[PDB]
Amino acid sequence: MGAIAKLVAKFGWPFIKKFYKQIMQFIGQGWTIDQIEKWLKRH
């Protein structure tokens with residue numbers, strides 16, 4: 001719970017759970033907070 005929040009703050013629980021397998025993966029890969037926020041951008 002360090003980088004996930006930075007993304008959830010905009011996405012949310014019901015939004016992050018939709019692709020938690022991909023989102024949570026980015027963090028573990030070393031993707032910046034903007035990488036995900038931009039990669040998804042509320043798709």
# chains A, B, ... in the order shown; residues from 1 in each chain; ligands from 1
>>> residues_around(residues="segment 28-38 of chain A", least_positions_apart="4", cutoff="7 Å", atoms="only C-alpha atoms", output="list in words")
residues 3, 6, 7, 23 and 24 of chain A
>>> residues_around(residues="residue 20 of chain A", least_positions_apart="5", cutoff="12 Å", atoms="only C-alpha atoms", output="mmCIF file with N, CA, C and O atoms, in the first residue's frame")
data_model
loop_
_atom_site.group_PDB
_atom_site.id
_atom_site.type_symbol
_atom_site.label_atom_id
_atom_site.label_comp_id
_atom_site.auth_asym_id
_atom_site.auth_seq_id
_atom_site.Cartn_x
_atom_site.Cartn_y
_atom_site.Cartn_z
ATOM 1 N N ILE A 4 -0.037 1.825 -4.932
ATOM 2 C CA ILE A 4 -1.400 1.489 -5.325
ATOM 3 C C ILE A 4 -2.362 2.625 -4.994
ATOM 4 O O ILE A 4 -3.244 2.954 -5.787
ATOM 5 N N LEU A 7 -2.677 5.480 -7.327
ATOM 6 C CA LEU A 7 -3.488 5.191 -8.505
ATOM 7 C C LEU A 7 -4.960 5.055 -8.132
ATOM 8 O O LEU A 7 -5.842 5.487 -8.875
ATOM 9 N N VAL A 8 -5.220 4.454 -6.975
ATOM 10 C CA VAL A 8 -6.585 4.264 -6.501
ATOM 11 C C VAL A 8 -7.253 5.601 -6.198
ATOM 12 O O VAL A 8 -8.469 5.742 -6.330
ATOM 13 N N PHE A 11 -8.630 6.166 -9.545
ATOM 14 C CA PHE A 11 -9.414 5.033 -10.024
ATOM 15 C C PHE A 11 -10.465 4.624 -8.996
ATOM 16 O O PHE A 11 -11.656 4.866 -9.179
ATOM 17 N N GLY A 12 -10.011 4.000 -7.912
ATOM 18 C CA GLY A 12 -10.924 3.565 -6.871
ATOM 19 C C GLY A 12 -10.924 2.060 -6.690
ATOM 20 O O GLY A 12 -10.255 1.340 -7.431
ATOM 21 N N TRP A 13 -11.675 1.585 -5.703
ATOM 22 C CA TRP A 13 -11.757 0.154 -5.426
ATOM 23 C C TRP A 13 -12.480 -0.577 -6.551
ATOM 24 O O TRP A 13 -11.984 -1.557 -7.107
ATOM 25 N N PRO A 14 -13.682 -0.092 -6.898
ATOM 26 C CA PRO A 14 -14.498 -0.684 -7.961
ATOM 27 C C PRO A 14 -13.901 -0.460 -9.345
ATOM 28 O O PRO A 14 -14.370 -1.024 -10.334
ATOM 29 N N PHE A 15 -12.863 0.367 -9.409
ATOM 30 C CA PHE A 15 -12.200 0.666 -10.673
ATOM 31 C C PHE A 15 -10.887 -0.101 -10.794
ATOM 32 O O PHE A 15 -10.519 -0.558 -11.877
ATOM 33 N N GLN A 25 0.267 -5.298 -11.295
ATOM 34 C CA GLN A 25 1.431 -5.830 -11.994
ATOM 35 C C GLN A 25 2.414 -4.716 -12.339
ATOM 36 O O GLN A 25 3.624 -4.864 -12.160
ATOM 37 N N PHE A 26 1.889 -3.601 -12.834
ATOM 38 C CA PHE A 26 2.721 -2.462 -13.205
ATOM 39 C C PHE A 26 3.628 -2.052 -12.048
ATOM 40 O O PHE A 26 4.840 -1.912 -12.215
ATOM 41 N N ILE A 27 3.032 -1.861 -10.876
ATOM 42 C CA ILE A 27 3.786 -1.468 -9.692
ATOM 43 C C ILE A 27 4.935 -2.434 -9.425
ATOM 44 O O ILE A 27 6.072 -2.017 -9.207
ATOM 45 N N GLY A 28 4.631 -3.728 -9.445
ATOM 46 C CA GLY A 28 5.649 -4.734 -9.206
ATOM 47 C C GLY A 28 6.729 -4.730 -10.271
ATOM 48 O O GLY A 28 7.827 -5.239 -10.050
ATOM 49 N N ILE A 36 0.877 4.287 -14.983
ATOM 50 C CA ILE A 36 -0.422 3.642 -14.839
ATOM 51 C C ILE A 36 -1.557 4.647 -15.011
ATOM 52 O O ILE A 36 -2.469 4.436 -15.809
ATOM 53 N N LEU A 40 -4.057 3.968 -18.142
ATOM 54 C CA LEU A 40 -5.489 3.729 -17.998
ATOM 55 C C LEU A 40 -6.284 5.004 -18.263
ATOM 56 O O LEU A 40 -7.123 5.050 -19.163
#
>>> select_by_dssp(residues="chain A", states="helix (DSSP H, G or I)", output="VMD selection string")
chain A and resid 4 to 8 13 to 16 20 to 29 33 to 40
